[PDB]
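In structure tokens, one chain follows: the form deposited in one PDB entry.
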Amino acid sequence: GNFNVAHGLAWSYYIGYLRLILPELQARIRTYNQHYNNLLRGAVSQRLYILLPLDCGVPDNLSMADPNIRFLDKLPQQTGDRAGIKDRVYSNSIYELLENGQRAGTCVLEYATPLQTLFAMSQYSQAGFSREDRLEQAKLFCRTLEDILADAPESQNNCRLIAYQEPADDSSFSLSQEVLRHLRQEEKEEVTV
């Protein structure tokens, strides 16, 4: 019946994590851009880019997904407040996106960790949760998280969801291209509006 784990997962992810880290993340990115743009020959986008593989495949490191997605630098932390903000642990990692060995873009990137739960659920037989259930909830997770972020206080502008199914043959899918296409569209939006 009407059992959708994705509903709770998306709400939990926003309330217990994204809501808490997005303002501080944008603040650190801005500062980083101020001190290091001369060094970067560009700018890190201020949107957290969230990877949502619909196959729920989350690797411990990003480069084993795509050798054109490569660690660049660390985002410095917040400054000497320590007044209640430091609860979650999130990635201070900036990635560069490569095209032909050349840096084509830069962003803060991370996977949507609740997809791990759906994967775990699908390997846990007592849950009675099929691969087909997993994909269905993964999609529902995306839709739900999207709706939440649409009405969220300036957080729609604070992150970008990158949902993607991967070729059920084996074409060499390019995640780096997927991300770059969003980066280019974002800069285009930022500049034509």
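Here the rigid core means the biggest group of C-alpha atoms that line up within 1.5 Å when the two forms are laid on top of each other. Start at 1 with the first residue shown and count on from there.
The same protein also has a form deposited in another entry, omitted here; what follows describes it.
Only one candidate in 148, 40, 161, 140 has its Cα displaced by 2 Å or more between the shown form and the other one after core superposition: 40. Remark: with the core as the superposition reference, the CA shift of residue 99 between the shown form and the other one stays below 2 Å. With the core held fixed, residue 90 shows a CA shift of 2 Å or greater between the shown form and the other one. For residue 78, the Cα coordinates differ by 2 angstroms or more between the shown form and the other one after the core has been superposed. Cα of residue 53 to Cα of residue 89: at least 3 Å longer in that other deposited form than in the shown structure. With a change of no less than 3 Å, the CA-CA distance between residue 160 and residue 84 is larger in that other deposited form than in the form shown.
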